[PDB]
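**Q** Structure incoming, see below.
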Amino acid sequence: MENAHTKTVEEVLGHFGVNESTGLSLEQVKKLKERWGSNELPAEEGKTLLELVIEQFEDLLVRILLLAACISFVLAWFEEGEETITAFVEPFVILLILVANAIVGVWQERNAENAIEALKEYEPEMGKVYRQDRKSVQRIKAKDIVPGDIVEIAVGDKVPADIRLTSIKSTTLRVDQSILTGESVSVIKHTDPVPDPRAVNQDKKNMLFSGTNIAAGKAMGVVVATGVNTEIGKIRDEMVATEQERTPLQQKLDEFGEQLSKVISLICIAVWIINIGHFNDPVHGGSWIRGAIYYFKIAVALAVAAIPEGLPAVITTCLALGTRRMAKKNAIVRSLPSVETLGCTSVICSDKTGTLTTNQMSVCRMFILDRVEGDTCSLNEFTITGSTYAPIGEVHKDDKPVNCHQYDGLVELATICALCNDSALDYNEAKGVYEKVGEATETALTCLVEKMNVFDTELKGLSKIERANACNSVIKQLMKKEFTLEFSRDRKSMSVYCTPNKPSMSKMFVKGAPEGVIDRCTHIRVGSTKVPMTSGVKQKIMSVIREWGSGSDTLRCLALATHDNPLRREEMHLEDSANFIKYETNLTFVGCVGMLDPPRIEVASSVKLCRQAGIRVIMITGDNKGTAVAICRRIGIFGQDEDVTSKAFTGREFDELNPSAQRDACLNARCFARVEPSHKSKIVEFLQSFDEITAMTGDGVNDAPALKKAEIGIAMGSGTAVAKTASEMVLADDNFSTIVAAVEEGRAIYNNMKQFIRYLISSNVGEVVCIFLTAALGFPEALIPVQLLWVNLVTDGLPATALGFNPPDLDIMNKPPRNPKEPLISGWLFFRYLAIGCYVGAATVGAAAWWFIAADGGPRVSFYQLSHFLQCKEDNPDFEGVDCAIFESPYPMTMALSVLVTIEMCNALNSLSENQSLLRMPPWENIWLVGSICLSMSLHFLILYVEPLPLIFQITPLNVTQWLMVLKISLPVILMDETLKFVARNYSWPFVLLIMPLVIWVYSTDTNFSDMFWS
Ligand code: BEF
Ligand SMILES: [Mg+2]
């Protein structure tokens, strides 16, 4: 069944072979089940643990670590030695770091799916259908309905399938379609066919779309589409068809991994090339192959040691900590890399109905009269602060609290509001929020009546379930509602006949569009006085009503009047519309109210903060252009008097725009209205075409393709499930300020990530340069792989985690988002961490050599003997026996390890700021860094001072003067990093007064290095 809206009821009924009054026979029911399936949206759960692990191993950094681990393992398998116990420790541990990380990430996934599923609406999805088995209404499951069923719908029901209207039994049919079409107000439905076959769902007035509630009335329809063929099903299919791309953080990490791999390959090739002439050495066997592969093995072993083993682990730790911080403020983030996406976001595409607004219409203004002199009147105007359906707001006149007993016109207005509606407000114990029963506007009037206690009834001890209807209950107990005059299309008003319950009358209460009520009223209720109507007062009322319904505060105005002396029920006949016209005569104007779909109270501040942070907010909605522009003006996207002739567009207007005009609109326009979900995705894609990180926010089904297409999609906690499944983050508490909070968190996370990435890379390149320098000169080895493993996982691991807690920059929220094209590590950074790395290598080699040359108490071995480590024989030494037993002493190794650790701690203290000096920013603020440094020193001393560990790591306790020399070697890294940082910047006192005694203490003495030869 295609374009059913274009066909009449007879055509669709003949096509389905179903009678209007009988329904479908049980045979046709199963015949349609076998063909069309069943009415369920498919729910696929293919994210098994194996799938999650394999997709989380997609990261290029993790792949590089895996390659390094496997190469190290195959190198350790062909080492022809008996030290396989330790030689295999280095790769294996990496695998643990690679696997444990995975669970962490996987855990986060499950945790998100455990939280997002918690905040899902759960109810039995039922449906009232007619079938030939029994004549009465049959309440069956919605999944057991088929295309062709005759469905009966009533007020406060959710339609279960795409339905073409057949007959309306309540003379009207109001449907709330904000879920699908994004319309803030309920739409009127009819039975007449829609001739347009390409018509959008907003103007399919004869159609009912699954997932949309019925605001008021009863109706009878026939199912034409079911399951995935419904509009929501088509949108879900489009959402699935949309491709998902990697987050910008993942792209930056992959680029950094490519740069790191290029550096590793260059280092390996260079080390191989430097030893071309040694290939044919007789030591290998005098062959061009064995020596070449031996030196290739050495070069690859050196290259593998330049990859930080713990870098992905600390990156994941920082991401998980940020995710936990966001979860603490009611923000569920699915993937760990997505926590950073909002930091680099440049454009925030949003949704008006249900996302930028509460979707709960509430009365925000009202007025009555106070006094009349002549050709004019004094007008009492009141403002109501409530925005949701909760009856907790207050009525303010001239921005001060006001009571309601003093204003008799106000109690009369409250009576008219509560008695001239048939909807209600009710509280869900499970959901925990008040909601409407029937029409949204009538619920707004009910909540207004609850807000202003016109009879000052006691409400302190009242429970929340009975808080919903207390004042309305009181003033409906006072007045008995006899009968209701139904609202008409030819007369935009509705009336209620009420009689005073107390004996010793029978007033009429009329509401509706202001024009009709004003032209049909000949009197004015001023306080308790019925004064004759005057042209001046009517003009004064028209002025305020138009300026209420025409400015940036565009409102839906309802005029409330009363008929004091109506004809008694015998005269009036409730049969014809013209009778209803003639019954409403000589009315008395009482007041007027003005309501809207109000934006959430944290929206204007959030958008101005986003604009301050360099992010522009563009509203994309399916509602009309007028309401969208009004909400943009109200929340601060547009000014009150700003011209929007080129900044607000409709889908039809955007359809035939020039490509240059489309580019200019995407660059400049800030409001899109009357756009289909495909149009929303097209807008998001056009914005992404300009290399802009786009964050889409929405709640409804129409936002799902746009939420999926954006780099990060944010779904409201009250939104639909399909919108939540397409979004990377969910706001559980529906707080829009969480967006700017997440932006700040992401920017801080990115800064800290850069800091500790630089720290780890510098440490590893320093160790590699140390090994290369040791090999080139010929000195005895100063470091061993197991020692480097410890100093890379603990001594470097703890400072990196602490650096993850770096204080945020002061000017973090006053800068534009970072350019996506810039690399994570720049060329200047590339130069700088090499400087610290080269200094670490040189300092560690020098510390190892100092104990063998100039240290007091150690052998004063010359450079020639020290360079010829392997030549410990009768080659004219001084202490030939002593030297052979001292070249393997643990003292130089301890010197090297201590110097490396101390320089790493100094570099960690230099990693508080990317370019801000340590003097101005002391370590005090990041107390986590100080605690981590102290803990690492404590455990290092424990390693140095226990029984087993000095055997496992060949290290021994040092002396006071030896520690002093270690500090002497380590400290200048502070000076060199400070001068590099100062150079970068150019182109407190307690910290100084504590560090000066330390500096003067350790530079009291100096030792000369007797070495003037190089290899
Ligand atoms: F709900 Be949005 F206005 F499409
Ligand atoms: Mg919405």
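Residues are referred to by chain and number: the chain letter is A, B, ... according to the order shown in the structure tokens, the number counts from 1 in that chain, and ligands are numbered separately from 1 in the order shown.
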Could you list, as an MDAnalysis selection string, all protein and nucleic acid residues with an atom at most 6 Å from ligand 2, counting only C-alpha atoms and all ligand atoms?

**A** chainID A and resid 182 351 353:355 698:700

**Q** Contacts of residue A:368 at 6 Å or less, counting only C-alpha atoms, minus same-chain residues fewer than 2 places along, as number ranges by chain?

**A** A: 379-380, 591

**Q** Please dump the current selection as a PDB file, in the first residue's frame; keep N, CA and C atoms.

**A**
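Result file selection-v7.pdb:
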```
ATOM      1  N   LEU A 379      -4.719  48.134  32.939  1.00  0.00           N
ATOM      2  CA  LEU A 379      -4.598  46.701  32.713  1.00  0.00           C
ATOM      3  C   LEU A 379      -3.640  46.108  33.737  1.00  0.00           C
ATOM      4  N   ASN A 380      -4.116  45.122  34.497  1.00  0.00           N
ATOM      5  CA  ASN A 380      -3.279  44.374  35.428  1.00  0.00           C
ATOM      6  C   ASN A 380      -2.681  43.184  34.690  1.00  0.00           C
ATOM      7  N   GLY A 591     -10.833  38.197  31.232  1.00  0.00           N
ATOM      8  CA  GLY A 591      -9.396  38.359  31.135  1.00  0.00           C
ATOM      9  C   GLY A 591      -8.839  37.642  29.926  1.00  0.00           C
TER      10      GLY A 591
END
```

**Q** Out of A:703, A:269, A:722, A:711, which residue has the shortest atom-to-atom distance to residue A:42 when counting only C-alpha atoms?

**A**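 Counting only C-alpha atoms, the residue closest to residue A:42 is A:722.
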
**Q** Which polymer residues have any atom within 8 Å of an atom of residue A:467, counting only C-alpha atoms, with same-chain residues fewer than 5 positions away left out, as a PyMOL selection string?

**A** chain A and resi 391+459+462

**Q** Those selected residues, please, written with N, CA and C atoms and delivered as a PDB file, in the first residue's frame.

**A**
```
ATOM      1  N   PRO A 391       3.163  22.016  39.171  1.00  0.00           N
ATOM      2  CA  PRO A 391       2.492  23.216  39.713  1.00  0.00           C
ATOM      3  C   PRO A 391       3.238  23.811  40.903  1.00  0.00           C
ATOM      4  N   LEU A 459      -1.806  23.803  51.422  1.00  0.00           N
ATOM      5  CA  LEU A 459      -1.184  22.794  50.573  1.00  0.00           C
ATOM      6  C   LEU A 459       0.127  22.264  51.143  1.00  0.00           C
ATOM      7  N   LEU A 462      -0.158  18.439  51.757  1.00  0.00           N
ATOM      8  CA  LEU A 462      -0.702  17.698  50.628  1.00  0.00           C
ATOM      9  C   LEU A 462       0.388  16.880  49.946  1.00  0.00           C
TER      10      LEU A 462
END
```

**Q** Within 10 Å of ligand 1, which residues show up when you count only C-alpha atoms and all ligand atoms? List them as a ChimeraX atom specification, please.

**A** /A:177-184,350-357,359,619-624,627-628,672-677,680,697-703,719

**Q** Would you kindly return, as a count of residues only, each protein, DNA or RNA residue with an atom no farther than 8 Å from any atom of stretch 83-89 of chain A, considering only C-alpha atoms and excluding same-chain residues fewer than 3 positions away?

**A** 5

**Q** Which neighbours of residue A:905 fall inside 9 Å, counting only C-alpha atoms, when residues of the same chain fewer than 2 positions from it are skipped, and could you give them as number ranges by chain?

**A** A: 795-796, 799, 900-903, 907-910, 933, 936

**Q** Restrict the selected residues to N, CA, C and O atoms and save them as an mmCIF file, in the first residue's frame.

**A**
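Final output, out-v4.cif:
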```
data_model
loop_
_atom_site.group_PDB
_atom_site.id
_atom_site.type_symbol
_atom_site.label_atom_id
_atom_site.label_comp_id
_atom_site.auth_asym_id
_atom_site.auth_seq_id
_atom_site.Cartn_x
_atom_site.Cartn_y
_atom_site.Cartn_z
ATOM 1 N N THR A 795 57.290 4.072 37.497
ATOM 2 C CA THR A 795 57.938 5.371 37.655
ATOM 3 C C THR A 795 57.416 6.378 36.635
ATOM 4 O O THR A 795 57.371 7.584 36.903
ATOM 5 N N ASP A 796 57.032 5.906 35.448
ATOM 6 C CA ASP A 796 56.389 6.796 34.487
ATOM 7 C C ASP A 796 54.872 6.690 34.564
ATOM 8 O O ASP A 796 54.160 7.651 34.252
ATOM 9 N N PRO A 799 53.230 9.190 37.476
ATOM 10 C CA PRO A 799 53.210 10.608 37.084
ATOM 11 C C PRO A 799 52.273 10.918 35.932
ATOM 12 O O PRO A 799 51.688 12.002 35.912
ATOM 13 N N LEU A 900 67.958 8.352 35.946
ATOM 14 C CA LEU A 900 66.812 8.283 35.046
ATOM 15 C C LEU A 900 65.513 8.575 35.786
ATOM 16 O O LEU A 900 64.684 9.360 35.311
ATOM 17 N N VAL A 901 65.332 7.973 36.963
ATOM 18 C CA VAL A 901 64.102 8.179 37.723
ATOM 19 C C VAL A 901 63.976 9.637 38.150
ATOM 20 O O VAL A 901 62.910 10.248 38.017
ATOM 21 N N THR A 902 65.063 10.219 38.665
ATOM 22 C CA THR A 902 65.000 11.597 39.142
ATOM 23 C C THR A 902 64.720 12.568 38.002
ATOM 24 O O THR A 902 63.930 13.508 38.156
ATOM 25 N N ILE A 903 65.351 12.355 36.844
ATOM 26 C CA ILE A 903 65.089 13.222 35.701
ATOM 27 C C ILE A 903 63.653 13.057 35.224
ATOM 28 O O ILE A 903 63.008 14.027 34.810
ATOM 29 N N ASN A 907 60.927 16.006 34.982
ATOM 30 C CA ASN A 907 60.160 16.254 33.766
ATOM 31 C C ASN A 907 58.663 16.223 34.043
ATOM 32 O O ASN A 907 57.900 17.004 33.461
ATOM 33 N N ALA A 908 58.221 15.318 34.920
ATOM 34 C CA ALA A 908 56.816 15.288 35.308
ATOM 35 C C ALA A 908 56.406 16.573 36.012
ATOM 36 O O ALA A 908 55.319 17.101 35.756
ATOM 37 N N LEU A 909 57.259 17.088 36.900
ATOM 38 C CA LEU A 909 56.997 18.393 37.499
ATOM 39 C C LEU A 909 57.058 19.519 36.476
ATOM 40 O O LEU A 909 56.482 20.586 36.714
ATOM 41 N N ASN A 910 57.738 19.310 35.350
ATOM 42 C CA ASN A 910 57.757 20.280 34.263
ATOM 43 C C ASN A 910 56.567 20.135 33.325
ATOM 44 O O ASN A 910 56.445 20.911 32.372
ATOM 45 N N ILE A 933 54.606 11.607 42.935
ATOM 46 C CA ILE A 933 56.066 11.668 42.989
ATOM 47 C C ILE A 933 56.569 11.094 44.309
ATOM 48 O O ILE A 933 57.531 10.317 44.344
ATOM 49 N N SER A 936 56.158 7.291 44.272
ATOM 50 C CA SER A 936 57.150 6.637 43.428
ATOM 51 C C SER A 936 58.527 6.649 44.079
ATOM 52 O O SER A 936 59.264 5.663 43.989
#
```

**Q** Could you tell me, as a ChimeraX atom specification, which residues of stretch 527-719 of chain A DSSP assigns to strand (DSSP E) when given the backbone?

**A** /A:529-532,556-563,587-596,616-620,648-650,671-673,694-698,712-716

**Q** Deliver the residues from the most recent selection as a file, using N, CA and C atoms, as a short mmCIF file (atom, residue, chain, number, x, y, z; two decimals), in the first residue's frame.

**A**
```cif
data_model
loop_
_atom_site.label_atom_id
_atom_site.label_comp_id
_atom_site.auth_asym_id
_atom_site.auth_seq_id
_atom_site.Cartn_x
_atom_site.Cartn_y
_atom_site.Cartn_z
N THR A 529 -17.42 44.41 38.89
CA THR A 529 -18.34 45.34 38.25
C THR A 529 -18.48 45.00 36.77
N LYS A 530 -19.73 44.96 36.30
CA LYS A 530 -20.03 44.70 34.89
C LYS A 530 -20.25 46.04 34.20
N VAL A 531 -19.19 46.56 33.57
CA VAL A 531 -19.22 47.87 32.94
C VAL A 531 -19.47 47.70 31.45
N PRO A 532 -20.27 48.57 30.82
CA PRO A 532 -20.51 48.44 29.38
C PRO A 532 -19.23 48.56 28.56
N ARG A 556 0.34 32.04 22.27
CA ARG A 556 -1.00 31.62 21.88
C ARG A 556 -1.96 32.22 22.90
N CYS A 557 -2.78 33.16 22.46
CA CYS A 557 -3.62 33.96 23.35
C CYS A 557 -5.01 33.37 23.44
N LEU A 558 -5.51 33.21 24.66
CA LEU A 558 -6.84 32.70 24.93
C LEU A 558 -7.61 33.74 25.72
N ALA A 559 -8.77 34.15 25.21
CA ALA A 559 -9.61 35.14 25.86
C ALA A 559 -10.67 34.45 26.69
N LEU A 560 -10.78 34.83 27.96
CA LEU A 560 -11.68 34.20 28.91
C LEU A 560 -12.79 35.17 29.27
N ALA A 561 -14.03 34.76 29.04
CA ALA A 561 -15.19 35.60 29.29
C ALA A 561 -16.27 34.78 29.97
N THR A 562 -17.28 35.48 30.48
CA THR A 562 -18.41 34.83 31.13
C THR A 562 -19.71 35.44 30.64
N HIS A 563 -20.74 34.60 30.56
CA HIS A 563 -22.10 35.03 30.28
C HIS A 563 -22.88 34.94 31.59
N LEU A 587 -21.61 38.59 26.05
CA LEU A 587 -20.65 38.06 27.00
C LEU A 587 -19.98 39.19 27.78
N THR A 588 -19.41 38.83 28.92
CA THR A 588 -18.67 39.77 29.76
C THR A 588 -17.21 39.35 29.77
N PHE A 589 -16.34 40.21 29.25
CA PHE A 589 -14.92 39.93 29.22
C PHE A 589 -14.37 39.87 30.64
N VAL A 590 -13.61 38.82 30.94
CA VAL A 590 -13.01 38.62 32.25
C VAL A 590 -11.50 38.81 32.20
N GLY A 591 -10.83 38.20 31.23
CA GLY A 591 -9.40 38.36 31.13
C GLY A 591 -8.84 37.64 29.93
N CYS A 592 -7.51 37.52 29.91
CA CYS A 592 -6.86 36.79 28.83
C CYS A 592 -5.57 36.17 29.35
N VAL A 593 -5.16 35.07 28.71
CA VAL A 593 -3.94 34.36 29.07
C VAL A 593 -3.13 34.12 27.80
N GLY A 594 -1.82 33.93 28.00
CA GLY A 594 -0.89 33.69 26.92
C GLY A 594 0.15 32.66 27.31
N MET A 595 0.25 31.60 26.50
CA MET A 595 1.07 30.44 26.80
C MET A 595 1.94 30.12 25.59
N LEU A 596 2.94 29.28 25.82
CA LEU A 596 3.85 28.85 24.76
C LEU A 596 4.53 27.56 25.21
N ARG A 616 29.00 28.15 17.61
CA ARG A 616 27.74 28.71 17.16
C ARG A 616 26.65 27.65 17.20
N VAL A 617 25.47 28.05 17.64
CA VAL A 617 24.33 27.15 17.80
C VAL A 617 23.34 27.42 16.68
N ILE A 618 22.99 26.37 15.94
CA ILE A 618 22.04 26.45 14.84
C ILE A 618 20.85 25.57 15.18
N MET A 619 19.66 26.16 15.16
CA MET A 619 18.44 25.43 15.49
C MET A 619 17.87 24.79 14.23
N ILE A 620 17.67 23.48 14.27
CA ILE A 620 17.06 22.72 13.18
C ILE A 620 15.81 22.05 13.74
N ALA A 648 17.44 32.74 8.66
CA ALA A 648 16.42 31.74 8.93
C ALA A 648 15.89 31.21 7.61
N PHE A 649 15.86 29.88 7.48
CA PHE A 649 15.46 29.23 6.24
C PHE A 649 14.51 28.08 6.53
N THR A 650 13.70 27.75 5.54
CA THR A 650 12.87 26.56 5.57
C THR A 650 13.45 25.49 4.65
N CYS A 671 18.93 29.18 11.92
CA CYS A 671 17.63 28.58 12.20
C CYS A 671 17.11 27.91 10.94
N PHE A 672 16.76 26.63 11.06
CA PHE A 672 16.14 25.87 9.98
C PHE A 672 14.84 25.28 10.49
N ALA A 673 13.74 25.56 9.78
CA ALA A 673 12.42 25.12 10.19
C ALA A 673 11.75 24.39 9.05
N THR A 694 30.62 18.85 14.21
CA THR A 694 29.22 19.15 14.45
C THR A 694 28.69 18.29 15.59
N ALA A 695 28.03 18.91 16.56
CA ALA A 695 27.37 18.20 17.64
C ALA A 695 25.87 18.40 17.51
N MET A 696 25.13 17.31 17.31
CA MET A 696 23.69 17.37 17.11
C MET A 696 22.98 16.97 18.40
N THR A 697 21.96 17.73 18.77
CA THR A 697 21.18 17.49 19.97
C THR A 697 19.71 17.37 19.60
N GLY A 698 19.05 16.33 20.09
CA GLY A 698 17.65 16.10 19.77
C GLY A 698 17.05 15.07 20.70
N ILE A 712 29.33 13.77 17.26
CA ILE A 712 28.74 13.40 18.54
C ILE A 712 27.27 13.80 18.53
N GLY A 713 26.40 12.87 18.90
CA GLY A 713 24.98 13.13 19.03
C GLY A 713 24.58 13.07 20.49
N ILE A 714 23.81 14.07 20.92
CA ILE A 714 23.36 14.17 22.30
C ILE A 714 21.84 14.03 22.31
N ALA A 715 21.34 13.06 23.08
CA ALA A 715 19.92 12.80 23.18
C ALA A 715 19.44 13.13 24.59
N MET A 716 18.26 13.73 24.67
CA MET A 716 17.67 14.03 25.97
C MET A 716 17.19 12.75 26.65
#
```

**Q** Just the residues within 9 Å of residue A:771, please, counting only C-alpha atoms, with nothing from its chain fewer than 6 positions along; format it as a list in words.

**A** residues 302, 781, 782, 783, 841 and 845 of chain A

**Q** Restricting the calculation to only C-alpha atoms: of A:780, A:723, A:800, A:198, which residue gets closest to residue A:890?

**A**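 Counting only C-alpha atoms, the residue closest to residue A:890 is A:780.
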
**Q** With a distance cut-off of 12 Å and only C-alpha atoms, select the neighbouring residues of stretch 21-25 of chain A, excluding the residue or stretch itself and same-chain residues fewer than 6 positions from it, and output the selection as an NGL selection string.

**A** :A and (13 or 31-33 or 128-138 or 145-152 or 166-167 or 220-223)

**Q** Please run DSSP on the backbone and report, as a ChimeraX atom specification, all residues within stretch 85-162 of chain A that come out as helix (DSSP H, G or I).

**A** /A:85-87,89-116,142-144

**Q** I need the chosen residues saved as a CSV table (one decimal), in the first residue's frame, with N, CA, C and O atoms.

**A**
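Output below, filename again00.csv:
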```csv
chain,number,residue,atom,x,y,z
A,85,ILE,N,63.4,-16.7,31.4
A,85,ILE,CA,62.4,-16.3,32.5
A,85,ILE,C,62.1,-14.8,32.4
A,85,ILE,O,61.0,-14.4,32.5
A,86,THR,N,63.2,-14.0,32.2
A,86,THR,CA,63.0,-12.5,32.2
A,86,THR,C,62.9,-11.9,30.8
A,86,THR,O,62.2,-11.0,30.6
A,87,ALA,N,63.5,-12.6,29.8
A,87,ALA,CA,63.5,-12.0,28.5
A,87,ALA,C,62.1,-12.0,27.9
A,87,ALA,O,61.8,-11.1,27.0
A,89,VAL,N,59.4,-11.5,29.8
A,89,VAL,CA,58.5,-10.7,30.6
A,89,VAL,C,58.1,-9.4,29.9
A,89,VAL,O,57.0,-9.0,30.0
A,90,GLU,N,59.1,-8.8,29.2
A,90,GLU,CA,58.8,-7.5,28.5
A,90,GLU,C,57.6,-7.6,27.6
A,90,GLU,O,56.7,-6.7,27.6
A,91,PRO,N,57.5,-8.5,26.6
A,91,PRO,CA,56.4,-8.6,25.7
A,91,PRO,C,55.1,-9.0,26.4
A,91,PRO,O,54.1,-8.3,26.3
A,92,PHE,N,55.2,-10.0,27.2
A,92,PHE,CA,54.0,-10.6,27.9
A,92,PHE,C,53.2,-9.5,28.7
A,92,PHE,O,52.0,-9.4,28.5
A,93,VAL,N,54.0,-8.8,29.5
A,93,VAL,CA,53.3,-7.7,30.3
A,93,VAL,C,52.6,-6.7,29.4
A,93,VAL,O,51.5,-6.3,29.7
A,94,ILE,N,53.2,-6.4,28.2
A,94,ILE,CA,52.5,-5.5,27.3
A,94,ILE,C,51.2,-6.1,26.9
A,94,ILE,O,50.2,-5.4,26.9
A,95,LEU,N,51.1,-7.4,26.6
A,95,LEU,CA,49.9,-8.0,26.3
A,95,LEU,C,48.8,-7.8,27.4
A,95,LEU,O,47.7,-7.5,27.1
A,96,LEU,N,49.2,-8.0,28.6
A,96,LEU,CA,48.3,-7.7,29.7
A,96,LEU,C,47.8,-6.3,29.6
A,96,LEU,O,46.6,-6.1,29.7
A,97,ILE,N,48.7,-5.3,29.5
A,97,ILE,CA,48.3,-3.9,29.3
A,97,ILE,C,47.3,-3.8,28.1
A,97,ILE,O,46.4,-3.0,28.2
A,98,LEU,N,47.6,-4.5,27.1
A,98,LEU,CA,46.7,-4.4,25.9
A,98,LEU,C,45.4,-5.1,26.2
A,98,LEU,O,44.4,-4.7,25.6
A,99,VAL,N,45.4,-6.2,27.0
A,99,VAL,CA,44.1,-6.9,27.1
A,99,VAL,C,43.3,-6.2,28.2
A,99,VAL,O,42.1,-6.0,28.0
A,100,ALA,N,43.9,-5.9,29.4
A,100,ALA,CA,43.2,-5.3,30.5
A,100,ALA,C,42.5,-4.0,30.0
A,100,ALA,O,41.3,-3.8,30.3
A,101,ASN,N,43.2,-3.1,29.4
A,101,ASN,CA,42.6,-1.9,28.7
A,101,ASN,C,41.3,-2.2,28.1
A,101,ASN,O,40.3,-1.6,28.3
A,102,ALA,N,41.3,-3.3,27.2
A,102,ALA,CA,40.1,-3.6,26.5
A,102,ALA,C,38.9,-3.8,27.4
A,102,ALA,O,37.9,-3.1,27.3
A,103,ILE,N,39.0,-4.6,28.5
A,103,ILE,CA,37.9,-4.8,29.4
A,103,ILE,C,37.4,-3.5,29.9
A,103,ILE,O,36.2,-3.2,29.9
A,104,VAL,N,38.4,-2.6,30.3
A,104,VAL,CA,38.0,-1.3,30.8
A,104,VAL,C,37.0,-0.6,29.8
A,104,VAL,O,35.9,-0.3,30.1
A,105,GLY,N,37.5,-0.5,28.6
A,105,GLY,CA,36.7,0.1,27.6
A,105,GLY,C,35.4,-0.6,27.4
A,105,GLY,O,34.3,0.0,27.4
A,106,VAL,N,35.4,-1.9,27.3
A,106,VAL,CA,34.2,-2.7,27.2
A,106,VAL,C,33.3,-2.5,28.3
A,106,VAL,O,32.1,-2.2,28.2
A,107,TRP,N,33.9,-2.4,29.6
A,107,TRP,CA,33.1,-2.1,30.7
A,107,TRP,C,32.3,-0.9,30.5
A,107,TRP,O,31.0,-0.8,30.7
A,108,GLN,N,32.9,0.2,30.1
A,108,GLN,CA,32.3,1.5,29.9
A,108,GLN,C,31.1,1.3,29.0
A,108,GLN,O,29.9,1.7,29.3
A,109,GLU,N,31.3,0.6,27.8
A,109,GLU,CA,30.2,0.3,26.9
A,109,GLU,C,29.0,-0.3,27.7
A,109,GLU,O,27.9,0.3,27.7
A,110,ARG,N,29.3,-1.4,28.4
A,110,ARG,CA,28.2,-2.0,29.1
A,110,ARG,C,27.6,-1.1,30.1
A,110,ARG,O,26.3,-1.0,30.2
A,111,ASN,N,28.4,-0.4,30.8
A,111,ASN,CA,27.9,0.6,31.8
A,111,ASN,C,26.9,1.5,31.2
A,111,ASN,O,25.8,1.8,31.7
A,112,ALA,N,27.3,2.1,30.0
A,112,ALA,CA,26.4,3.0,29.3
A,112,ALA,C,25.1,2.3,29.0
A,112,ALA,O,24.0,2.8,29.2
A,113,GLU,N,25.2,1.1,28.4
A,113,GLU,CA,24.0,0.4,28.0
A,113,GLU,C,23.2,0.0,29.3
A,113,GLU,O,22.0,-0.3,29.2
A,114,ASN,N,23.9,-0.1,30.4
A,114,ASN,CA,23.1,-0.4,31.7
A,114,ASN,C,22.4,0.9,32.2
A,114,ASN,O,21.4,0.7,32.8
A,115,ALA,N,23.0,2.0,31.9
A,115,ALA,CA,22.3,3.3,32.4
A,115,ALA,C,21.3,3.8,31.4
A,115,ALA,O,20.1,4.1,31.8
A,116,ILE,N,21.6,3.8,30.1
A,116,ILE,CA,20.6,4.3,29.1
A,116,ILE,C,19.4,3.5,29.1
A,116,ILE,O,18.3,4.0,28.9
A,142,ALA,N,-0.1,-4.6,20.4
A,142,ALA,CA,0.2,-3.8,19.2
A,142,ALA,C,0.9,-4.6,18.2
A,142,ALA,O,0.8,-4.3,17.0
A,143,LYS,N,1.8,-5.5,18.6
A,143,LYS,CA,2.6,-6.3,17.7
A,143,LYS,C,1.7,-7.3,16.9
A,143,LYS,O,2.2,-7.9,16.0
A,144,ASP,N,0.5,-7.6,17.4
A,144,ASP,CA,-0.4,-8.5,16.7
A,144,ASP,C,-1.4,-7.8,15.8
A,144,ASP,O,-2.5,-8.4,15.5
```

**Q** Restricting the calculation to only C-alpha atoms, which member of A:210, A:376, A:280, A:962 is positioned closest to residue A:542?

**A**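 The closest residue to residue A:542 is A:376.
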
**Q** Would you please work out which residue, of A:11, A:874, A:59, A:243, is nearest to residue A:337 when using only C-alpha atoms?

**A** A:59

**Q** Please determine, counting only C-alpha atoms, which residue among A:526, A:572, A:613, A:349 has the shortest atom-to-atom distance to residue A:685.

**A**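 Answer, going by the shortest atom-to-atom distance: A:349.
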
**Q** Distance atom CA of residue A:200-atom CA of residue A:213, one decimal place?

**A**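 Going from atom CA of residue A:200 over to atom CA of residue A:213, I get 19.1 Å.
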